[PDB]
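Comments concern the structure below.
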Amino acid sequence: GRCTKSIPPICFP
Amino acid sequence: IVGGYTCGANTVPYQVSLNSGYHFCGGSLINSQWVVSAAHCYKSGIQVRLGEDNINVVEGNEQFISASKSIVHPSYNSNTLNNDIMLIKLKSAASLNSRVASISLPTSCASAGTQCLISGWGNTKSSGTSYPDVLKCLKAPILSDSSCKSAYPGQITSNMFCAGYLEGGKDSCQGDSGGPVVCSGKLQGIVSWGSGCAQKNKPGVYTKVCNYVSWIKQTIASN
Ligand SMILES: [Ca+2]
Ligand SMILES: [N+]
Ligand code: NA
Ligand code: NA
Ligand code: NA
């Protein structure tokens, strides 16, 4: 869903 | 980058890869010794890779330089992603040439509808994963603030903007974070976040570099 575009993504609920 | 094109070797000479034994984020060279990236890309062990095209082959033109300073904005908020900016100082100055070149900072913020170039080595698929060897590029417009906020209610701060598309198919994606959004020759954005990649009604969200030009200058001058 709502995620940063890094490897790996950091996502939020 | 989903729905983009192969840039061509060294056609985006300010694009850097941040490497920790793998590419994990992009960045933008702003002078011979400083790179702009995203705060959420901070880690130990950053090697900046300049002059890259194929990140998996030593082709010529690469410069690999360790970070010596990694400076996350002091007010970065890791839950809202406000102030999603980091400065990296290189251990030694890069050798500037036609393939390794800085990008100018904005003198003012950009208007909606301005076309920009977004680039990176991130995933090229909106469902599943495919990581490219060579740099990918996407032309994308800045969206209006009101449309950005309609798409992401309660999440867009004054330090963010949306760019891309609403019909799906064209966006930045995982592995593009930290890299450039350049609009008429100025670094206006940093790849930050979104709801998925290239999804309908969910454009990419980017850090608004024009709000940080003074902070960048003051930080570089003091370091
Ligand atoms: Ca290479
Ligand atoms: N929108
Ligand atoms: Na990582
Ligand atoms: Na979609
Ligand atoms: Na200043």
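Heavy-atom basis, side chains included; hydrogens, waters and symmetry copies ignored. Read the numbers this way: they start at 1 and go in the same order the structure lists the ligands and their atoms. So that the names make sense, note that chain A is the first sequence line, chain B the second, and so on, each numbered from 1.
At a cut-off of 3.5 Å, with distance as the only test, a side-chain donor of B/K69 or B/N223 sits close to an acceptor on the other residue. Of the N and O atoms on the side chains of A/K5 and B/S192, not one donor lies less than 3.5 Å from an acceptor on the other residue.
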* Decide side chain to side chain contact (heavy atoms under 4.5 Å, CB included) for B/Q63 and B/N97; before the verdict, give the C-alpha distance in whole Å, the side-chain angles of both, and the deciding distance to 0.1 Å. => CA-CA 11 Å; B/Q63 296 174 48; B/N97 60 48; 3.9 Å; yes
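Within the coordination shell of the Ca ion (ligand 1), defined by N, O or S atoms under 3.0 Å, B/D53 is absent. Put simply, B/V57 gets within reach of the Ca ion (ligand 1), with an N, O or S atom under 3.0 Å from it. Here B/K43 reaches the Na ion (ligand 3): one of its N/O/S atoms is less than 3.0 Å from the metal. At a cut-off of 3.0 Å, B/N54 is counted among the residues with an N, O or S atom near the Ca ion (ligand 1). At least one N/O/S atom of A/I7, from backbone or side chain, sits under 3.0 Å from the Na ion (ligand 3).
When OE1 of B/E52 and OE2 of B/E62 are joined through the Ca ion (ligand 1), the resulting angle is 100° to the nearest 10°.
Dense packing is recorded around CZ of B/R49, with more than 12 heavy atoms of other residues, nucleotides or ligands lying under 6.0 Å away.
Ring centroids of B/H73 and B/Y212 are separated by less than 6.0 Å, placing the two rings close together.
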